[PDB]
Amino acid sequence: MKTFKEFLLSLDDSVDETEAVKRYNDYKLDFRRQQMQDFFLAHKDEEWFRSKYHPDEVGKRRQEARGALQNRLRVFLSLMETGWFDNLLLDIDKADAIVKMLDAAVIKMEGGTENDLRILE
Amino acid sequence: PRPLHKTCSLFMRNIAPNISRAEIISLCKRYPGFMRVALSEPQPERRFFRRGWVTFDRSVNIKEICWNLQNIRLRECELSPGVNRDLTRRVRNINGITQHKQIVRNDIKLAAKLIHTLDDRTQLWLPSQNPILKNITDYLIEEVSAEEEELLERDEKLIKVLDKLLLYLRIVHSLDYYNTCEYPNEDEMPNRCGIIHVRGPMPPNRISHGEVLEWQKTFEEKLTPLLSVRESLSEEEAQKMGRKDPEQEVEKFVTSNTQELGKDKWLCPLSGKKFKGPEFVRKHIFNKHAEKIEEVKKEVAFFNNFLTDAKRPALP
């Protein structure tokens, strides 16, 4: 895109201040209209762009997210009632407990039983 | 006993945007002990090129598998993977001022709002019916029999309350509180809960009177980006920029299909069937080819959805 200096310079006949600022602000939008229509057709069928904006794929990622998240909740709710952060404070003094707790969380995220956690002891 | 907490992995720089998950998955699926693939946000400065992490079972070795993919290409570009080593410094430090009476109380106020927003936004659980927001709000109370008497620096109570919110925010929503950042893709990435930021050691000096207010103004100003909704433009500007009407552009599909070969003889190229007038071809497309009329509406909404967003992807 060409800046305000350049567009005014290419109109040396009907040279008004009121008309110049209107036509440049119209040109701005006239150009940015083109860029969006170019960009849409440029990245039309790409999965990242499809997923963010296309109704069918937008619905899928929400369902995929909710299901993966609900499983991450179950882990927190398991760590609560198991009490993996029963005596745990987010402090550098209690750093080794956090790292062990996170590893215990990841195992539950994958879906391992209490027998799987025994290696951390 | 299984070591499921450990998982070794590959890393790939400069993956193309036309490449999807599906076809990276199929490339790595026929290896043994394959788990999952995770791609990052495509950055505009590199022409929207992604960064991938293929994660494996920790038993099966990575260095041979990285070599077996070392000079392989997908779609229209060459991958050249590298071995992604494990995370070094997990439990990181921040300011020691955060272990304070007034500051923890505000951290609990913020953490409540974060969960209130994120729960509603993600569509888990109009007051929030999450148990840790009800059950914790019951606590943080003085309870005394003052009526019966009338007639006759750390605060670990609040910190132990804060930890339950912060650990929920970190574990459930992948939100590192003390760093003030999300890990959005994290659940697919090799390490499911890597970096976590934690309260500092001590505050050496006397805790300054305005410095507690200054910390919160810096801290809350950084948290405000994390709560922000997708910035939709004004319904003028969306229409000006070029919002397509659904019913209008559906009419454009029907008429442009309904071609004329002669006098009272109309064909459409969505079947190969000729009719006696322009009215007969309209009822043919609506009734028999209901799949296409939705397909137009969907791709109109697809283009609209892009225009709706103010903070879009574009070339710098």
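Sequential numbering from 1, following the chain as shown.
Just so you know, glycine gets a Cβ as well, placed from its N, Cα and C.
Noted in Swiss-Prot for the protein shown:
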type    : residues : note
MOD_RES : B:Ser80  : phosphoserine
MOD_RES : B:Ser145 : phosphoserine
MOD_RES : B:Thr224 : phosphothreonine
MOD_RES : B:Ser232 : phosphoserine
**Request:** Measure the Cβ-based neighbour count of B:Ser145 (phosphoserine), defined as the other Cβ atoms within 10 Å of its Cβ.
**Result:** 9
**Item:** Alpha-carbon distance [B:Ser232 (phosphoserine); B:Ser80 (phosphoserine)] in Å
**Value:** 39
**Request:** Round to the nearest Å and give the CA-to-CA distance linking B:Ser145 (phosphoserine) with B:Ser232 (phosphoserine).
**Result:** 54
**Request:** Restricting to the same chain and to sequence separations of six or more, state which residues have a Cβ under 8 Å from that of B:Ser232 (phosphoserine).
**Result:** B:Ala238, B:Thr308, B:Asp309, B:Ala310
**Among B:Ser80, B:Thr224 [modified residues], residue with fewest other Cβ within 10 Å** = B:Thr224
**Request:** For the stretch where 12 residues weren't modelled, take the C-alpha of B:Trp125 and of B:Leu126 and tell me their separation in angstrom, rounded to whole.
**Result:** 11
**Prompt:** Between B:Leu152 and B:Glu153 there is a gap of 22 missing residues, so what is the CA distance across it in angstrom, to the nearest whole number?
**Reply:** 36
**Request:** With H, G and I counted as helix, E and B as strand and the rest as coil, say where DSSP puts the residue listed as 'phosphothreonine'.
**Result:** helix
